[PDB]
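Starting off, we have a lone chain in the form deposited in one PDB entry, written out as structure tokens.
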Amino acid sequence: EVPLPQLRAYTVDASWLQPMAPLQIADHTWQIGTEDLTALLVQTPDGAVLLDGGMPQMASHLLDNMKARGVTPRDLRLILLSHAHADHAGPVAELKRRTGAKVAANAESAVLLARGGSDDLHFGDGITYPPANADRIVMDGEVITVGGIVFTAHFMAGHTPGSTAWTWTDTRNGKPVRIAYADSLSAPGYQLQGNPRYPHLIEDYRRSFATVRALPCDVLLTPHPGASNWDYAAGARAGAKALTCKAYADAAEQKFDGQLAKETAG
């Protein structure tokens, strides 16, 4: 006779958990996460910003890389998120306890973050993480300014209701670099058509493809670097093959159209 199943941990490919040293993207922007999960540190004269933290177990590694960059826990002022799933917002709660950082997010992302990713529209309770509270709610197109760097939120609902692209302008070799940290556009295992928990899912994804295509985008980065053709382990050529935002959006739309057709057939 038969017990209920044990809880199953959210396990991921080893490369998603492989620590890397900070990799410079532009004068003040660094990848400080793992080989296969993005966590961006932007350093200003008035404190640092973190965009995503990856998986829950990455908090100490992130703090190590911040220290290596000259950023103490008191100096981390702000955490921004692409979206509030365990593999991108995992360590936010612990980061808030261990640093000065406050979280800014849209209402959708704040609600999901506050329930630790539980009751996910598509994953249920299978992919949860420690809950965290947002300190500031942001609206579409709202700006947040830290030490003179202006971050603009561009909502791009689909992968989660609260999915957001964050854009800012850094410098490199003396010239401006418009960085676009565009969120995921995948729909892994999702029911796309007639989903009662997300009735306008398709319309939202389509609008989001268009939003991504039009972002100010000298350099695209994505929460999973492979989605934008980054290779964080490739050193001086890590970003050489990166997609434009236009190409990223088009590829995501072609994949989505294929998934729709397969869902209709399945």
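Definition used throughout: the rigid core is the maximal C-alpha set that superposes within 1.5 Å between two forms. Numbering starts at 1 and runs along the sequence shown. Residues that one form lacks are left out of the comparison.
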Report the stretch with the higher mean CA temperature factor, choosing between 122-130 and 68-76 on the basis of the entry.
68-76
Residue range whose averaged C-alpha B-factor is higher in the record, 44-52 or 31-39:
44-52
Checking the entry, which one of 144, 156, 107, 81 has the top C-alpha B factor?
144
By the CA temperature factor listed in this entry, which of these ranks top: 94, 135, 183, 170?
170
Once the chain's modelled residues are ordered by C-alpha B factor and cut into thirds, is residue 225 in the lowest, middle or highest one?
middle
What third of its chain's C-alpha B-factors does residue 148 belong to: lowest, middle or highest?
highest
Among the modelled residues of this chain, does the Cα B factor of residue 202 put it in the lowest, middle or highest third?
middle
Quick one: classify residue 101 as lowest, middle or highest third of the chain based on its Cα B-factor.
middle
How does the C-alpha B factor of residue 62 compare with the rest of the chain: lowest, middle or highest third?
middle
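One more form of this protein exists, namely the form deposited in another entry; it is left out here, but the text below deals with it.
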Examine residue 256 after superposing the rigid core and state whether its CA is displaced by 2 Å or more between this form and the one not shown.
no
Could you tell me whether the Cα atom of residue 21 shifts by at least 2 Å between this form and the one not shown after core superposition?
no
For residue 12, is the C-alpha shift between this form and the one not shown 2 Å or more after core superposition?
yes
Segments of at least three residues whose Cα atoms shift by 2 Å or more between this form and the one not shown, after superposing on the rigid core
1-16
